[PDB]
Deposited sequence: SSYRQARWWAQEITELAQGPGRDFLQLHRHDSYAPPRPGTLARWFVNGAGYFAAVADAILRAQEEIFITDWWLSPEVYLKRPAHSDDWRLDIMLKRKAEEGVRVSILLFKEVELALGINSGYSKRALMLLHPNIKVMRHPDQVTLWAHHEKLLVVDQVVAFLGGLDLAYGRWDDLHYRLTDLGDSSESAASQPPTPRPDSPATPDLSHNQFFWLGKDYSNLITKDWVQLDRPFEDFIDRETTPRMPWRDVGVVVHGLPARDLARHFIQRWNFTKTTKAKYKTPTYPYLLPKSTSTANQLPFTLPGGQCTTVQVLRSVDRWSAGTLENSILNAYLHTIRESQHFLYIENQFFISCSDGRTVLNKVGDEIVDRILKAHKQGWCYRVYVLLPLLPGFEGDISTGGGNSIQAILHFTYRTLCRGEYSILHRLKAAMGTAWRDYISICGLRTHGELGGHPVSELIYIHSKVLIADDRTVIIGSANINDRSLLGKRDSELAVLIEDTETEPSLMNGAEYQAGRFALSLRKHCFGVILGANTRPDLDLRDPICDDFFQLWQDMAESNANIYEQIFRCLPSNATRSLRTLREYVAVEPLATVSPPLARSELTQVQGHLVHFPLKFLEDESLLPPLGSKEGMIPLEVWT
């Protein structure tokens, strides 16, 4: 721990670590609940937002598996739960961390909660972490909060004492991020949107659990922030908030662990902790530089391409350099970029979205295809139309039935995962933007997972020994996205061969065409200006005009993959005109 290690990390790589990945929140929360049940001494929790009354197993038939009830039972047995909540700037965010603290600490005297920061600041504590006995640690993109629970069904509806409850999302757990922001979080079992007209917005995320040494390294990170935050206020200096100490590295298991080499990475600053680190960014660049075959990226944000003193991280540049290197050498290389169709902010898309939606879309489009720094502009300059062979930018969307007619909604990609060559994976809370990767701003956590055990697989039609952890995760991502359960003829062994890549491009193009034609949903390439947008949304979509005819054409949708519309509001500027740094959204 003395020096910095690989990628300038505070923790060295840990071989022989059993790690299990999770996709969506159903498995992650159920695994967390089972690990909490087996806790004997200590539980560490860091959350950007923690909802005290959230259920970890669904459908809820009792108060068992509710997060507050579980921690209260564990504390009654002598288990100390130390929780680090991010303190929002109140009535400017709305997670009501004050209520979360008050609810948690009143459960039992063994549950201590601290909040950081008190000073006015733009940056947040964004890492999500649960560590049990310093031996079992959960991390990834999932907060123990409302709306995060979901499975591969991605249901848009939930219409159904709770002895026979059929509601998977109870009260404030049923939400649509773009429709309405959360309100009155101290009344959890009251709806704040109408289930009979407004569909929920599905949550797609990635998480991971590691055991042994990497959990000690993550527990070390928690302990440092705990002892540091103790010196930040007058009240936490009290002995009711004891100092925390790590257990020595020299010293139950979750079912699902693959033997891997795991290295913990982090983004911390002397405001968030006591030192500076950006090992997550370092691991991202190195993994892209040393990739040999493909990159699979699933991120909530994609803001990069260090340009004009506004965006500084070089993740986009490394992708361009790697694609140009593959193009020069003429080798088979693919980059899959999966993003949410819209940023997860409340706004009226039929008007063009709010300030937040527009600000994020500006830097996102500036990163991908608009301007001389964008990935596509630099790629077209060197290879012309051939860029379509190396990079694919897509989103996810699903459809359902509500009110007697088809309804559609995007699936919110909150994951922060990178897969390389079916051998290397990065899972954490860090978005691809300056706020997460620089370290000087938001505090983030991640793990670098390298496979030491392989399976027979394919790579551009050649025999390939792919890592078990990475290949299983990548295949599960491909299968759910492409709807492989209904199409078993699809071969997911080879991720870069031309036959699969065209099928990937064709399905994303085809699905986006059907959703546009049926739902006239946004974002879309059909509205390149706010003036065309005002006329576009005036027409009633076929989904409500003739639901029978809508359903007949929705039978041709396969999977959830849709092409990301790169020309949406292409003729507009998309940047709020008062006294605010643009690094708020970068």
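Mapping the modelled residues onto the deposited sequence reveals missing stretches at 1-23, 184-204, 296-300, 627-631.
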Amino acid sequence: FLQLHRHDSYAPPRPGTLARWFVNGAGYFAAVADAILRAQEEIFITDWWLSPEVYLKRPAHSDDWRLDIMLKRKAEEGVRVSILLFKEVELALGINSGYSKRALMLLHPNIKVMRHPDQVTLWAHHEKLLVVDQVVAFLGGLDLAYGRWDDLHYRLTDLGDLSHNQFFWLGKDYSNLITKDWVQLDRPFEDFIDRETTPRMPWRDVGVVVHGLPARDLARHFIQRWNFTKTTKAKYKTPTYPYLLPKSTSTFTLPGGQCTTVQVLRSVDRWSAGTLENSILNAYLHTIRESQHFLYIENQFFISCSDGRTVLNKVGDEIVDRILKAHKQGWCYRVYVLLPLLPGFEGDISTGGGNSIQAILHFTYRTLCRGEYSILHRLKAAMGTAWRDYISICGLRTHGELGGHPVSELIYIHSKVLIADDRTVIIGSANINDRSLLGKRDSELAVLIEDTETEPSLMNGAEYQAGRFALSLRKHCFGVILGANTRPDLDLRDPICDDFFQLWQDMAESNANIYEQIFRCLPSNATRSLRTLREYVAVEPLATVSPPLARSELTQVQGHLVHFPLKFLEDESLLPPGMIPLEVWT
From here on, numbers count along this sequence of modelled residues.
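Under this definition, the rigid core comprises the largest set of C-alpha atoms superposing within 1.5 Å between the forms.
Displacement analysis by core superposition in 4 other deposited structures of this protein ranks 162-170 above the other of 460-468 and 162-170 in root-mean-square C-alpha distance from the shown form. Between stretches 231-239 and 447-455, greater average Cα displacement in 4 other deposited structures of this protein relative to the shown form, fitted by the core, falls on 231-239. Looking at the other PDB entries for this protein, residue 252 is absent from the model in a third or more of those that include the residues around it. In every other compared PDB entry of this protein that covers both flanking sides, residue 377 is modelled, so it falls short of the one-third threshold for missing coordinates.
Mean CA B-factor, 463-471 versus 307-315: the higher value falls on 307-315. As the entry records it, the average C-alpha temperature factor is higher for 562-570, out of 18-26 and 562-570. Which of 45, 69, 538, 39 has the largest Cα B-factor in the deposited entry comes down to 538. Highest C-alpha temperature factor among 395, 147, 495, 255 per the entry: 255. The PDB entry assigns residue 533 a C-alpha temperature factor belonging to the highest third of its chain's modelled residues.
In the deposited entry, the Cα temperature factor of residue 223 sits in the bottom third of values across the chain's modelled residues.
In the deposited entry, the Cα temperature factor of residue 451 places it in the middle third of its chain's modelled residues.
Sort the modelled residues of the chain by CA B factor and residue 236 lands in the highest third. Looking at the C-alpha B-factors along this chain, the one for residue 549 belongs to the highest third.
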